[PDB]
Amino acid sequence: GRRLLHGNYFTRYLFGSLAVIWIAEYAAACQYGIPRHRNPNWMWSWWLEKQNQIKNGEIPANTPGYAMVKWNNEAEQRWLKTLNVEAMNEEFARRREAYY
Amino acid sequence: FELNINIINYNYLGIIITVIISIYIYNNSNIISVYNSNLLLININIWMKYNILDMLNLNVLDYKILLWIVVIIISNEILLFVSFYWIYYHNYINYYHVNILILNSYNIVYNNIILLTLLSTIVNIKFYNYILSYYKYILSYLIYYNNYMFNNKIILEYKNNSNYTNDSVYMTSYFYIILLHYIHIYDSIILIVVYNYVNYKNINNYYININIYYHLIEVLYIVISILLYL
Amino acid sequence: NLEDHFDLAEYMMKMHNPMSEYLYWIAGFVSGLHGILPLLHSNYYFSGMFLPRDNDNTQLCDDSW
Amino acid sequence: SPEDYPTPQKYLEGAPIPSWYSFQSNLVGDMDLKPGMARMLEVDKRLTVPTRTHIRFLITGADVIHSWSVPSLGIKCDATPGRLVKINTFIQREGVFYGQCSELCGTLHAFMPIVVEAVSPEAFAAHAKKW
Amino acid sequence: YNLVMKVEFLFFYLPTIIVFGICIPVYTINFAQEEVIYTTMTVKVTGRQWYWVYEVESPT
Amino acid sequence: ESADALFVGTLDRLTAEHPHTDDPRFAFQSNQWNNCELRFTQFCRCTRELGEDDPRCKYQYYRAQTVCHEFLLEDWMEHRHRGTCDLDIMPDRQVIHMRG
Amino acid sequence: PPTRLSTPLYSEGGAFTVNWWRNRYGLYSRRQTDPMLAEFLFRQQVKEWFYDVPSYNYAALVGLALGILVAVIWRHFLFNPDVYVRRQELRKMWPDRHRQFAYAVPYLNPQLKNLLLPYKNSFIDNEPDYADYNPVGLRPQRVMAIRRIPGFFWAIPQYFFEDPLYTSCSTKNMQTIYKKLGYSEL
Amino acid sequence: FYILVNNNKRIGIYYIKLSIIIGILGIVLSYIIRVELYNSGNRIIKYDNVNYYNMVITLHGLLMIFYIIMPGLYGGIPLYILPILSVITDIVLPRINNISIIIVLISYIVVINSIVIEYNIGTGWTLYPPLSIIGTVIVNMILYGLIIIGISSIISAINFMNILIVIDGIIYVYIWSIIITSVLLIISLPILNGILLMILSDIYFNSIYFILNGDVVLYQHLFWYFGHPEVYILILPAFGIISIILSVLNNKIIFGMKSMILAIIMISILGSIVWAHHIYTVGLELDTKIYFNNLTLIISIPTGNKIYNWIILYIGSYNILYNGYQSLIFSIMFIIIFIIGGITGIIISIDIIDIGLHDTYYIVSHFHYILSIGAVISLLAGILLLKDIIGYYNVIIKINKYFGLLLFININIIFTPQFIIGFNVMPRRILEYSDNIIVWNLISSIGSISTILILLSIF
Amino acid sequence: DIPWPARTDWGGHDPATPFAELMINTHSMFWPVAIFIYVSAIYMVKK
Ligand SMILES: CCCCCCCCCCCCCCCCCC(=O)OC[C@H](COP(=O)([O-])OCC(O)COP(=O)([O-])OC[C@@H](COC(=O)CCCCCCCCCCCCCCCCC)OC(=O)CCCCCCCCCCCCCCCCC)OC(=O)CCCCCCCCCCCCCCCCC
Ligand SMILES: CCCCCCCCCCCCCCCCCC(=O)OC[C@H](COP(=O)([O-])OCC(O)COP(=O)([O-])OC[C@@H](COC(=O)CCCCCCCCCCCCCCCCC)OC(=O)CCCCCCCCCCCCCCCCC)OC(=O)CCCCCCCCCCCCCCCCC
Ligand SMILES: CCCCCCCCCCCCCCCCCC(=O)OC[C@H](COP(=O)([O-])OCC(O)COP(=O)([O-])OC[C@@H](COC(=O)CCCCCCCCCCCCCCCCC)OC(=O)CCCCCCCCCCCCCCCCC)OC(=O)CCCCCCCCCCCCCCCCC
Ligand SMILES: CCCCCCCCCCCCCCCCCC(=O)OC[C@H](COP(=O)([O-])OCC(O)COP(=O)([O-])OC[C@@H](COC(=O)CCCCCCCCCCCCCCCCC)OC(=O)CCCCCCCCCCCCCCCCC)OC(=O)CCCCCCCCCCCCCCCCC
Ligand code: HEA
Ligand code: HEA
Ligand SMILES: CCCCCCCC/C=C\CCCCCCCC(=O)OC[C@H](COP(=O)(O)OCCN)OC(=O)CCCCCCC/C=C/CCCCCCCC
Ligand SMILES: CCCCCCCC/C=C\CCCCCCCC(=O)O[C@H](COC(=O)CCCCCCC/C=C/CCCCCCCC)COP(=O)(O)OCCN
Ligand code: CUA
Ligand SMILES: [O-][O-]
Ligand SMILES: [Cu+2]
Ligand SMILES: [K+]
Ligand SMILES: [Mg+2]
């Protein structure tokens, strides 16, 4: 019975390596001054304004993004021919009444 | 007295195995390849027969030599996976913003981790019995059930996935890394199907090899799970 | 046996049949042909000539031969 | 917002936006060579650039890896698919600088030479306007 | 022994000093290649089998 | 009319006034592939807000041409016209957050 | 190095010592079958390898090379803008990756680049300062060095004030010559 | 029997015999090249058949490396003397030893058969995609050969590593060279297999790794991660032979044995982390280029120590002993030649110098001086040293000063001009060239025809 | 600009950019060191 490695080698070098990686990264961020706040959103300003309008109720709910742009590709032109937001909202309203 | 080593003078499996390999290149039908693979399996078994017959030499270094060979083979398997991880992470900058559906992190990862952990526990119990000079019949059939579920789950996942190898390098790497793991799971089936109780016990290289190999497959999946699913 | 002491005893004791050496040289000669024969075959296939005339793909003087 | 897409004030006032011109440079065949041309190095359309000007070369390869080499300008950049490599140069003297593809690329790797002619800025301006 | 050890020492560090002498020039020339320059003209070069395509900005 | 006005407002402005110079975000690397993709995405978003005819978006296309080879742009512009350009897909129709 | 097994070998405490090495040297050994033989073979290896003076030179080299190797690997992950490990920025289009762009400028101006760029005049003979000026401001304005690079640059004078032609070949003088002709702006 | 033999010494002979046979095809391919490059304009290859030339250079490079030099230095001599240098009787894994040589032959037959049957096109021995993955089936066949060759190399590496378990003597410097070479194969081969599979996937399984949005430079990293260790795997066994020859033929104990051993170990460690000096012109990051350039120069430090230790082995040897033996001359010639090749390697290690010299005949001359002269001469020197033990005859090579002098003069004529051509400049992998490079190319061509004639004199 | 017959051009020839001069000067800077390494070693190749 003779030991070759550290008595707790597996946990030592796994958690220990992870700890050193995490601490090194924080140090690197401080040196370069990188912002550390997390944003999960796209930063397109014009689009975010349109989304706020939908939330405020200025734009009808479930209105597609391609219904709001000044240039449409061919595929979007195909979809605009069959788009009826008013009908979609009524259908959702009917579902809510049935559920309740 | 006697010579330290009982020399092996002649061998003819090498020619047969090498010719079997060539048949793969020179085939004109994929049916020949299927039957050729059976020949390769047969002849490799004969080579394994020679290793068992070498026990008659009573050479203490034979166990050590084979054990270190397996260690080298294990390293090669690890480095092969490293290359796939290398390929996957090289194009990391092109992932997660392409119009493809990446895998969920809730269903597949959890059941596979649970399923493969049970496989490790079964093999661990086999090792414990091998230490105690004891056997339990049911253990082998638990492995077969475990392998059956793994095959059933992976087959459905590939068939129901809505993205294809040609869609993006991300999808190719996902499918390829998962296939490479499956092949190593299938190689485990090839090895475990012959598990039996041998009365010369702890001088049998097969037991230590199986324990090492099964552990390697399971740990590799943890790395895969972290890279792809989580 | 004394005859089996040395590996390749016939050759080492200088009694081997010369045909063994001829086959070795022939095998080497055949290996070399794998670079020359396909060269000739490919040249003819794409040009209709086994070998080019030097600088035949460039403009040549009237008296060039 | 419009300000999210910066544009120089001159163009917002109606100045014409520049356009880009593309041409193809091919080796001159052996049977089409003229008495003074250099075999294996001449091309049908050369690239004219102004001298004593900082120029940015962006080099890529469409199909396979080629390499754009002009030994006199000290440039050897691999034209790899998927990489738009950036090379900067400053030509000090007028002349015509010849080069060859420096990455095996197929049957005619040896038959896609590079010819760059550097002329005075006034000469280049007249040349650019005409072509 | 004393003399021999010095010879072995030189065999190792004389090549090391030469390497150090090259290192500083290597750093400098590498930085020169990647220096940010105020370029005023762009030429786009595309390699194709087997010819070169050049795209230039036409004057207004 | 400020010395540091280029940096102020956006990092984009730096190469808008000096089209043929390095962009601050990609100057560290010789490979400019990512620079071309950012420029093209900017052109796509300009048209959505302002429309193709707007001189601003016309110049944004010119900026893309400064760093994107024409064989790339022709292919990418074809995808944009059809409606399959992953860069120009409207945010509400993206699938990046789906199934993980 | 003692020659008698009776004389003990001095050992320090820690993870790399004589005692630490003895415990592990014979783990895989078939030749160390008894104490006397084991110690003899252990001291034979220690004498041959650790008491060899030139061997320590290679120990230094592997340390230096590995130290650089680990640092460069770590630096790329921590600071290189093009290297991504987190996924927040990769889930957005390029113009929206504001956090990643924060690495660009500082990663473009490492200390050593600033120190060594002024020494371009040790290589270029004509207009070594052709690229020194850049009004954009992504990098500092460069000023040519006043001394040659130490080492193998005996071709040029030790200091540039000793060269009678150094000032005549500067980008400023050449610009003066060509402007006088209307040849070019630079 | 002849094919069933497991004796390691017999198998060692088979490796040497097979390398010579395959060497003829490699020499033929090499001779085709220099004949074509005699002057501008087609000479033996039609302009409409330029594809054949690309195949000639591709096979010349592949055969010489994997099928000729590597089996000769890593399979031939080691299988003969390594179990003898160790106090053991035979190789540890006899049956594996038999199949390894058979595997090498079958892969050779596959390669040459592909020449005859498939359309002849080439992509270089480095098989850079996308060119390699848009080719015809000959590229598929060449991949099978490499993968098959990889199997033989790895199992042979496993065989040598097992000597550590059974060695009953001292680990001599030569044994260390083979062991460390095996270690390099074990760590580098699996990476090579992985990337080669990706090449097959694109060729045969509709994979898209090497099309737009897939970085082609990815292949170069993985390939050269094995590529450079390969060149060090070729040369390290040559270093072991030189150490034995110099010590034996001078009756001098090897000086600084441990320094020699540590130098070999150091080279392998450094050789595994400097692969990207093959990728200077692709446009890597500034810091990345500086790192590889700095570490590449460091490889000279251990390599230099070995050179000096060799020199002191020859210095001071007794004058009475005859010094004209071919084995001794070749061993001494190696030091002179290797220094030339290594110094030029350091020149092209500086990346800015490399910008001008990449893909030029300067690089060709660099690795020919090391491999075509140094490695061949080391292999020749080792075989000559073991002539009595091996027992071959019917050649005049043991004491032949004409052969040594003529070989040295003429090989230098072939490759010294190629350094000059590199600055002129002439690209590599090129059939036609400008008229003003003819003089130097003509001189090298005269050198090539002369060398072939000299080989006929040994018989 | 273009290759010329029977020219050594050791280290390069005919630079036209400041970077081209740098390439030639770098090779010339190291060339004498290379000679020193070769001469010093070769002089001692003897009995
Ligand atoms: C009033 C009755 C109430 C019954 C309640 C139900 C109980 C069922 C228990 C089933 C446990 C199966 C565990 C499988 C793992 C392997 C076990 C093992 O090692 O066996 C060794 C054992 C002996 O091996 P050995 O090598 O000879 O000896 C090794 C040791 O030395 C010595 O080994 P050992 O003796 O230590 O073994 C200990 C133990 C080790 O394992 C355990 O202890 C694990 C226990 C897990 C409990 C799982 C319960 C599942 C129930 C779910 C129900 C869900 C309902 C949902 C409703 C939804 C409504 C909307 O193993 C066993 O005892 C295995 C079961 C033996 C039965 C064999 C005969 C055939 C099956 C008979 C089933 C009868 C069911 C009647 C139901 C009546 C209800 C009123 O193996 C065998 O006997 C041979 C193979 C067969 C064994 C597996 C049989 C599976 C039967 C499943 C029945 C339940 C189905 C539920 C379906 C629900 C669908 C919705
Ligand atoms: C790099 C170059 C320069 C190198 C310089 C440096 C060199 C330094 C020295 C290196 C020395 C290394 C160590 C040497 C150790 C030697 C030990 C030794 O001798 O072992 C004994 C060993 C065997 O001796 P043994 O123990 O008496 O063996 C008895 C037999 O086992 C049993 O006796 P058996 O009579 O019963 O034998 C059976 C015999 C039965 O024999 C017969 O029945 C013979 C019948 C006559 C056939 C003759 C050939 C006919 C060809 C016709 C061609 C027609 C073409 C028509 C074209 C028409 C065009 C329009 O054969 C067979 O049944 C099977 C034969 C299979 C092998 C031969 C294959 C030939 C090529 C086939 C090509 C096929 C191509 C198909 C392609 C199709 C593609 C679609 O010796 C040999 O095998 C010969 C070795 C000779 C060399 C020794 C070394 C001398 C030093 C080197 C000299 C320079 C060589 C340069 C290379 C060659 C240049 C060309
Ligand atoms: C915070 C983290 C902290 C972590 C802490 C971790 C702590 C770990 C503790 C480890 C302790 C190890 C204890 C065992 C020592 C070795 C004993 C031994 O082997 O017994 C012989 C034993 C046989 O028993 P025996 O009968 O006693 O042998 C008698 C001798 O044969 C008869 O020979 P002799 O009597 O004439 O001479 C005796 C001796 C003569 O040799 C020696 O005594 C050598 C002594 C030095 C060994 C190295 C020690 C470490 C040095 C410091 C390195 C630090 C690097 C730091 C980097 C940091 C970067 C961040 O012979 C041997 O040692 C033969 C085996 C040599 C194998 C070498 C394989 C290549 C490895 C590279 C060489 C080492 C280079 C070091 C660096 C050099 C530059 C400064 O060997 C075997 O069982 C052979 C098995 C072969 C298996 C091969 C396949 C394995 C899988 C390969 C995968 C790929 C490997 C890649 C390697 C890459 C290399 C570059
Ligand atoms: C579930 C589904 C089930 C499905 C079921 C379906 C079943 C399917 C079955 C599939 C498997 C079929 C094959 C089974 C093999 C069985 C093996 C076995 O047990 O054998 C016992 C059997 C024992 O024989 P025996 O009945 O007691 O009689 C033996 C004699 O009495 C005396 O005993 P010996 O052993 O001394 O005599 C043998 C030897 C004795 O003769 C000699 O050795 C002659 C003396 C030597 C002369 C010098 C040769 C050159 C130096 C070579 C140095 C390296 C040697 C490496 C080691 C040998 C490698 C072969 O002669 C030969 O056998 C020929 C030797 C050939 C040497 C080749 C050396 C390199 C040639 C380079 C060529 C360069 C030109 C390039 C172009 C051409 C490329 C092909 O083995 C043998 O001795 C015969 C083996 C014959 C099979 C060889 C097959 C080779 C295939 C190569 C690939 C070809 C594909 C492409 C074609 C391209 C054509 C152009
Ligand atoms: C056996 C084969 C072999 C060996 C040993 C080497 C050894 C070395 N090689 Fe080589 N190399 C090749 C085979 C080999 N190479 C091949 C085949 C290619 C081309 C592949 C292809 O593109 O197809 C190549 C290409 C190649 C390139 C260019 C790659 C490219 O861009 O295409 C470079 C660049 O630095 C290089 C460097 C080196 C160095 C620095 C060494 C060092 O090991 C040399 C060190 C030795 C010395 C320096 C001399 C001895 C020491 C002294 C005398 C004292 C100390 C000296 C100094 C400090 C200067 N090699
Ligand atoms: C071991 C490897 C090896 C060897 C020996 C040689 C030997 C020779 N090579 Fe080379 N060569 C390469 C490996 C080798 N080569 C590689 C890897 C390339 C790059 C491939 C590519 O472009 O992709 C190359 C490229 C290459 C080119 C460039 C092709 C091109 O780019 O267009 C040329 C041109 O002349 C050339 C010529 C020669 C010549 C004239 C000889 C010889 O004639 C020199 C003198 C040698 C002899 C006269 C024969 C001596 C005998 C033997 C070598 C066999 C001995 C066998 C035993 C001892 C068992 N080689
Ligand atoms: C390869 C991707 C795999 C993703 C795996 C996900 C699971 C994470 C846990 C296991 C892996 C360890 C990494 C954990 C990182 C935790 C902190 C973190 O997020 O770090 C991110 C940060 C960078 O991310 P971005 O901010 O997007 O980039 C900024 C500009 N570059 O990552 C890092 O810097 C750490 C990544 C590297 C960690 C590993 C250690 C690095 C050094 C290796 C040296 C190797 C040489 C030999 C060493 C010898 C040591 C004895
Ligand atoms: C249970 C056993 C597990 C063992 C696992 C082993 C894993 C590693 C196996 C070897 C593979 C290494 C990974 C491959 C690394 C490639 C990195 C790479 O190519 O990156 C370079 C940059 O890389 C570097 O800077 C080079 C660092 C060198 C990495 C070497 C890692 C492997 C070294 C193995 C050497 C052998 C082992 C030595 C052990 C210690 C010896 C004392 C590319 O940079 P750019 O293209 O410019 O891109 C930068 C941003 N756009
Ligand atoms: Cu293009 Cu070569
Ligand atoms: O490869 O050097
Ligand atoms: Cu290399
Ligand atoms: K020609
Ligand atoms: Mg190249």
Side-chain angles (χ1 to χ4, degrees), chain C residues 6-8 11-16 18 21 24-25 28, chain H residues 9 12-13 15-17 19-20 23-24 27 69 72-73 76-77 80-81 84-85 174 237-252 254 310-311 313-338 369 372-414 447 450-459, chain I residues 42 44-47:
Chain C
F6 292 101
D7 184 59
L8 307 167
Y11 177 88
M12 299 303 173
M13 303 297 87
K14 314 216 171 182
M15 301 172 63
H16 69 283
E21 305 196 19
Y24 181 75
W25 282 73
Chain H
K9 296 194 292 297
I13 293 175
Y15 267 100
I16 296 171
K17 291 169 63 174
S19 62
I20 293 174
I24 293 150
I27 290 156
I69 293 306
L73 286 170
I77 298 172
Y80 201 95
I81 61 178
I84 305 177
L85 285 168
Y174 180 75
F239 291 176
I241 295 169
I242 297 298
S243 60
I244 281 175
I245 294 173
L246 291 176
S247 62
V248 169
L249 298 183
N250 297 318
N251 305 332
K252 296 189 76 178
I254 186 169
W310 284 332
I311 290 169
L313 268 172
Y314 185 51
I315 289 168
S317 58
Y318 303 139
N319 172 266
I320 191 172
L321 300 174
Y322 181 70
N323 66 339
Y325 274 97
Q326 200 72 290
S327 61
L328 185 62
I329 290 169
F330 281 160
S331 64
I332 295 169
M333 197 180 301
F334 180 87
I335 297 166
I336 300 161
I337 287 289
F338 185 79
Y369 263 84
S372 301
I373 306 173
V376 174
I377 284 184
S378 85
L379 179 49
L380 285 159
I383 291 162
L384 294 162
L385 183 84
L386 305 172
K387 184 171 187 300
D388 291 356
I389 305 181
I390 296 174
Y392 60 89
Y393 55 89
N394 290 327
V395 285
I396 310 175
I397 184 64
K398 194 173 77 169
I399 307 179
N400 186 346
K401 291 206 296 185
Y402 298 100
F403 180 80
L405 180 64
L406 294 161
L407 184 63
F408 176 82
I409 285 165
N410 281 281
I411 61 199
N412 278 287
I413 287 164
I414 299 168
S450 38
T451 50
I452 296 169
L453 299 173
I454 295 163
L455 298 178
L456 303 175
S457 58
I458 64 98
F459 156 61
Chain I
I42 293 305
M44 298 302 302
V45 181
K46 63 202 178 183
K47 280 199 172 185

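First the proteins, then the strands, lettered A, B, ... as listed; each starts at 1.
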From [X] [atom1] over to [Y] [atom2], what is the distance, rounded to the nearest 0.5 angstrom?
| X | Y | atom1 | atom2 | result |
| --- | --- | --- | --- | --- |
| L321(H) | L249(H) | CG | CG | 9.0 Å |
| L384(H) | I399(H) | CG | CD1 | 11.0 Å |
| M13(C) | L8(C) | CE | CG | 10.5 Å |
| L406(H) | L455(H) | CG | CG | 11.0 Å |

Which atom pairs, donor and acceptor, lie under 3.5 Å between side-chain atoms of residues 240-247 of chain H and protein residues at least two apart or in another chain?
{"unit_1": "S243(H)", "atom_1": "OG", "unit_2": "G240(H)", "atom_2": "O", "d": "2.4"}
{"unit_1": "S247(H)", "atom_1": "OG", "unit_2": "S243(H)", "atom_2": "O", "d": "3.0"}
{"unit_1": "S247(H)", "atom_1": "OG", "unit_2": "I244(H)", "atom_2": "O", "d": "2.9"}

| Under 6.0 Å between ring centres, would you say that holds for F459(H) and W25(C)? | yes
Table please: side-chain donor-acceptor pairs of residues 322-337 of chain H below 3.5 Å, with sequence neighbours left out.
{"unit_1": "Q326(H)", "atom_1": "NE2", "unit_2": "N400(H)", "atom_2": "O", "d": "2.7"}
{"unit_1": "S331(H)", "atom_1": "OG", "unit_2": "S327(H)", "atom_2": "O", "d": "3.4"}
{"unit_1": "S331(H)", "atom_1": "OG", "unit_2": "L328(H)", "atom_2": "O", "d": "2.6"}

| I396(H) atom CD1, neighbour heavy-atom count above 12 within 6.0 Å | no
| task | Inspect the surroundings of NZ in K47(I) and state if more than 12 heavy atoms from other residues, nucleotides or ligands are less than 6.0 Å away. | result | yes
Quick one: side-chain hydrogen bond (donor to acceptor under 3.5 Å, both in side chains) partners of [X], sequence neighbours excluded?
| X | value |
| --- | --- |
| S450(H) | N410(H) |
| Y393(H) | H16(C) |
| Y15(H) | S100(H) |

Shortest non-hydrogen separation from [X] to [Y] and the atoms involved:
| X | Y | result |
| --- | --- | --- |
| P237(H) | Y174(H) | O-CE1, 4.0 Å |
| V376(H) | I69(H) | CG2-CD1, 3.8 Å |
| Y392(H) | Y11(C) | CA-OH, 3.7 Å |

Validation row: [X], [Y] side chains within 4.5 angstrom (heavy atoms):
| X | Y | answer |
| --- | --- | --- |
| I16(H) | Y80(H) | no |
| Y369(H) | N412(H) | yes |
| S372(H) | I411(H) | no |
| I389(H) | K9(H) | no |

| Name of the residue among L73(H), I77(H), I373(H) meeting side chain to side chain contact (heavy atoms under 4.5 Å, CB included) with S378(H) | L73(H)
| said: Donor-acceptor pair, distance only, cut-off 3.5 Å: does the side chain of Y24(C) make one with the backbone of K17(H)? | reply: yes
| said: Donor-acceptor check, side chain of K252(H) to backbone of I315(H), threshold 3.5 angstrom: yes or no? | reply: yes
| task | Applying ring pair (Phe, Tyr, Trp, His ring centres under 6.0 Å), name anything that partners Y318(H), two or more places apart in sequence or on another chain. | result | none
| request: Evaluate side chain to side chain contact (heavy atoms under 4.5 Å, CB included) for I397(H) paired with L380(H), printing each intermediate quantity in order. | output: CA-CA 10 Å; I397(H) 184 64; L380(H) 285 159; 5.6 Å; no
